[PDB]
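Asks: Pasting an experimental structure with its sequence.
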Amino acid sequence: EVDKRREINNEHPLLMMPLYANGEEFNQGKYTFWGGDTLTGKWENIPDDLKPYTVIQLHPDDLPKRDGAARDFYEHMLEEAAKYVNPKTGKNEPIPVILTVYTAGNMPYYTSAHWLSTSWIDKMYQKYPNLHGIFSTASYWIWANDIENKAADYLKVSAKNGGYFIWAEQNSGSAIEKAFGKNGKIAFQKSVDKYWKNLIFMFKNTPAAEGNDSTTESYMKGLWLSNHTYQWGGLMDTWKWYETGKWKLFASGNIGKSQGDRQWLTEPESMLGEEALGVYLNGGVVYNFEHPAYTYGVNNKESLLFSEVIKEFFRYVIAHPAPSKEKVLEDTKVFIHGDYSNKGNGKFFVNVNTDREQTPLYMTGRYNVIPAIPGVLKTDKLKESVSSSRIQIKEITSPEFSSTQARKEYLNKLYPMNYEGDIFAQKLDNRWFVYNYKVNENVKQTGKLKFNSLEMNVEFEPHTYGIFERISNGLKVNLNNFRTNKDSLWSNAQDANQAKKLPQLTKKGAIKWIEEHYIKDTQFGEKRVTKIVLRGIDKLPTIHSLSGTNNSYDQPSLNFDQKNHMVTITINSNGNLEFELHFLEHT
Ligand SMILES: CC(=O)N[C@@H]1[C@@H](O[C@@H]2O[C@H](CO)[C@H](O)[C@H](O[C@H]3O[C@H](CO)[C@H](O)[C@H](O)[C@H]3NC(C)=O)[C@H]2O[C@@H]2O[C@@H](C)[C@@H](O)[C@@H](O)[C@@H]2O)[C@H](O)[C@@H](CO)O[C@H]1O
């Protein structure tokens, strides 16, 4: 094995920071990115605590579809990255880079990436120590004839140089299964047998109308646990709102795929944190987002989605490393072997742990994410692990998985019910993770969670998550319900018919909207109420270390009921929030 250029694991997670080439400006002789970020300015802006865990991902976007364009742009940017000097210290501190090398099947009618040879990639790895990996993304919808063969070559050239091959794909049309050899294209399967330590496989949740979120995430987890990938993660995409035909938040009616640029702006900010918790809580460590102008920002400035949700979430996963492969294996009671494409795809989990076909969220954490691998693969390396001795490995064609009811009956015997209420909750060590799982319905949810004898009841509005940690002196609370008001994007439309007919915002228009109405002059959402009730408390708790999004929260209200040894905490907020409550239990 060649020494790895970087570590990627629970203690060293990875946030990919996409920069998309501006092809129109490239035609004018300029080297720029859509949204106005610069490579150097963007990197400088990344908080110093995050720099060790963040890598710039160049994407060739609409560069000219002909030989040389992508090489020219990428070499320019690799040079800029290589020569970067930290202005505080004066030292050359090369910026770490990942190159997008494969997308849209590398069809010459879809992408400039077609004209990036493996030879060139090898040359760039050898020239630039700061090139840490290469990225393939979004070919599930155009599964080119040689895609598996090329993936093998990308993984091999990465292993040769100590870099990572990172592949983000969703299981549309059996893509994940095909990648590993389902239809007889086995070059990548064979490559993985040798080079899996240099592979990162991620979901890409963009094609949301097809409902493959749960099954793709299951595969990503299972591939990792069975040593077919070094680590896993997910690309979480606000374009899902377009794919599913949603418009104004909570409105009725469906507008289809008709208002793209308005639609990718509308997903609630905090909902990206809810999606990301599914990666974290299941041992994933790599995160990426689209649309970048909304999820990260523009003009070397952080969007509020980035600053108030993604940045704080990512800091959390650095401070509290995700469960290790060993831990996740120990916790796994059931491991599925077989093809979700033959068992209804995402429908497999509907009314098991998802509430509907088209969602990136879960309705219970009881089973967390059940890991799986495609039928074409073997569970040999899984069984070889010291930590897999108590796992039931089951064929997907088992009677236990034949129907929704059979699945729950079988799983319920191995995963005990561990909380009450119709809400998402999952426990890790001394921490309850909770979120309201509604996507586009304005319905409050409630749960009852326990820390031994201490009872905690919560009431959450949609697009609200919380992390509640029992600490020696009380409870640490992290809460995020940040959701700005996007109604202005949908003004002049009183129903779905009118919304579908709105003038197109356009790509440039959406970037301008972000600049003039999101980065500044932001239409913040209304403060909204979260309730937390603790039962089994000795005396009125005290509050400590209260902070959160500026101007986003009222002072929490504590109402202690001595007779009943309970406190009711009422929070009115819209943002991220954190505090500690100090108390003793009543005995
Ligand atoms: C399968 C699917 O859902 N979509 C295919 C397209 O892939 C992505 O789909 C989005 C719509 O759901 C959208 O069109 C994405 O591209 C726009 O947004 C990105 C940033 O998020 C860029 O600004 C693009 O320039 C912009 N496109 C346009 C025309 O303005 C699109 O994602 C992009 O393309 C894919 C292939 C991949 O490279 C991604 O990394 C990249 O962001 C697909 O592009 C389209 C082509 O006809 O076909 C859809 O079925």
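Replies: Yep, it's here. Numbering: from 1, shown residues only.
Asks: Residue 575 against residue 478, yeah?
Replies: No. In this structure residue 575 lies outside contact range of residue 478 using Cβ atoms under 8 Å: 11.8 Å. All C-beta atoms are positioned from the backbone trio N, CA, C, and that covers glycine.
Asks: who has more neighbours, the two?
Replies: residue 575 (25 against 19; other Cβ atoms under 10 Å).
Asks: where do the helices sit along the stretch 401-550 of the chain?
Replies: Using DSSP state H, counting those that start in this stretch, the helices assigned to the stretch 401-550 of the chain run over residues 404-414, 496-500, 507-517.
Asks: So which of those helices is nearest the ligand?
Replies: helix 507-517 (4.6 Å; Cβ to the nearest ligand atom).
Asks: picking up where we left off before, between the helices of the stretch 401-550 of the chain, which one is nearest to residue 161?
Replies: helix 507-517 (34.9 Å; Cβ to Cβ).
Asks: Now do the closest one: which elements does it pack against?
Replies: helix 260-266, helix 292-295, strand 297-298 (3 or more Cβ pairs under 8 Å, 6 or more residues apart in numbering; DSSP states H and E).
Asks: residues near residue 52, how many?
Replies: Quick note: residue 52 (other Cβ under 10 Å) scores 11 neighbours.
Asks: contacting residues for it?
Replies: residue 12 (Cβ atoms under 8 Å, 6 or more residues apart in numbering).
Asks: can you confirm it is in a helix?
Replies: Yes. Under DSSP: H, G, I helix; E, B strand; the rest coil, residue 52 falls within a helix.
Asks: separation between it and residue 399?
Replies: 49 Å (Cβ to Cβ, to the nearest Å).
Asks: try residue 344
Replies: 16 Å.
Asks: Equivalent analysis for residue 407, please.
Replies: 10 Å.
Asks: Between the two, which is the more surrounded one?
Replies: A direct count of neighbours by other Cβ under 10 Å for residue 407 and residue 399 places residue 407 higher, at 22 against 10.
Asks: residue contacts, the more buried one?
Replies: 348, 352, 400-401.
Asks: Which of those residues sits closest to residue 566?
Replies: residue 352 (34.2 Å).
Asks: The closest one reaches residue 406, doesn't it?
Replies: No. Residue 352 lies out of contact with residue 406 (Cβ under 8 Å); the separation is 10.0 Å.
Asks: Of these two, which one has the most company?
Replies: When residue 352 and residue 406 are compared for neighbours, residue 352 comes out ahead with 21 against 13, by other Cβ under 10 Å.
Asks: Next, that one: secondary structure please.
Replies: coil.
Asks: List the contacts of it.
Replies: 367, 404, 407-408, 411.
Asks: what do you get for residue 544?
Replies: 579-582.
Asks: mind redoing it with 6 Å?
Replies: Counting by Cβ atoms under 6 Å, 6 or more residues apart in numbering, residue 544 touches residue 580.
Asks: ok, what's across the strand from it?
Replies: Beta-bridge pairing for residue 544 (DSSP bridges): residue 580.
Asks: Could you check how far it is from the ligand?
Replies: Between residue 544 and the ligand the distance, using Cβ to the nearest ligand atom, to the nearest Å, works out to 41 Å.
Asks: and that residue, how far is that from residue 198?
Replies: 45 Å.
Asks: Over to residue 86?
Replies: Distance from residue 86 to residue 198, by Cβ to Cβ: 29 Å.
Asks: go on, residue 335?
Replies: 24 Å.
Asks: Could you check which of those two is surrounded by more residues?
Replies: residue 198 (29 against 23).
Asks: I'd say that one and residue 156 touch.
Replies: No. Using Cβ atoms under 6 Å, residue 198 is not in contact with residue 156; the gap is 8.7 Å.
Asks: Of the helices of the stretch 401-550 of the chain, which is nearest residue 208?
Replies: Closest among the helices of the stretch 401-550 of the chain, using Cβ to Cβ: helix 496-500, at 17.9 Å.
Asks: now the closest one, how far from the centre of its chain.
Replies: 30 Å (Cα atoms, centre = their mean, to the nearest Å).
Asks: Give the buried residues for it.
Replies: Going by neighbour count (16 or more other Cβ atoms under 10 Å), the buried part of helix 496-500 is 496, 499-500.
Asks: thinking again about what came up before, give me the subset of the contacts of residue 407 that lies in strands.
Replies: With DSSP state E as the criterion, strands contain none of these.
Asks: just those residues now: which is nearest the ligand?
Replies: residue 348 (21.1 Å).
Asks: That closest one: neighbour count?
Replies: Neighbours of residue 348 (other Cβ under 10 Å): 24.
Asks: The residue lying closest to residue 457 once chain neighbours are set aside and residue 566: what is the separation?
Replies: In space, and not counting its chain neighbours, residue 457 is closest to residue 533: 4.2 Å by Cβ to Cβ, 6 or more residues apart in numbering. Between residue 533 and residue 566 the distance, using Cβ to Cβ, works out to 6 Å.
Asks: ok, now residue 215?
Replies: Distance from residue 215 to residue 566, by Cβ to Cβ: 42 Å.
Asks: before we move on, what about residue 538?
Replies: Counting by Cβ to Cβ - residue 538 and residue 566 are separated by 11 Å.
Asks: So for these two, which residue has more residues nearby?
Replies: Neighbour count, other Cβ under 10 Å: between residue 538 and residue 566, residue 566 has more, with 17 against 12.
Asks: so the residue nearest to residue 457 sits right up against residue 570, yeah?
Replies: No. Using Cβ under 6 Å, residue 533 makes no contact with residue 570, being 9.7 Å away.
Asks: These two - which one has more neighbours?
Replies: Shown here are residue 533 and residue 570; by other Cβ under 10 Å, residue 533 has more neighbours (19 against 15).
Asks: For beta bridges, what are the partners of the more buried one?
Replies: Beta-bridge partners for residue 533, by DSSP bridges, are residue 457, residue 568.
Asks: tell me the phi and psi of the residue of the stretch 301-450 of the chain found nearest the ligand?
Replies: Taking Cβ to the nearest ligand atom, the ligand has its nearest neighbour within the stretch 301-450 of the chain at residue 358, 12.8 Å off. Recorded main-chain torsions at residue 358 are phi -110, psi 80, according to degrees, to the nearest 10.
Asks: what number of residues lie near it?
Replies: Neighbours of residue 358 (other Cβ under 10 Å): 19.
Asks: can you pull the contacts of it?
Replies: Applying Cβ under 6 Å, 6+ apart, the residues contacting residue 358 are 208, 211, 244.
Asks: Out of these, which comes closest to the ligand?
Replies: residue 208 (8.0 Å).
Asks: residues contacting that closest one?
Replies: Applying Cβ under 6 Å, 6+ apart, the residues near residue 208 are 240, 243-244, 358.
Asks: Without its sequence neighbours, what residue ends up closest to it?
Replies: Nearest to residue 208 is residue 240, by Cβ to Cβ, 6+ apart, at 3.8 Å.
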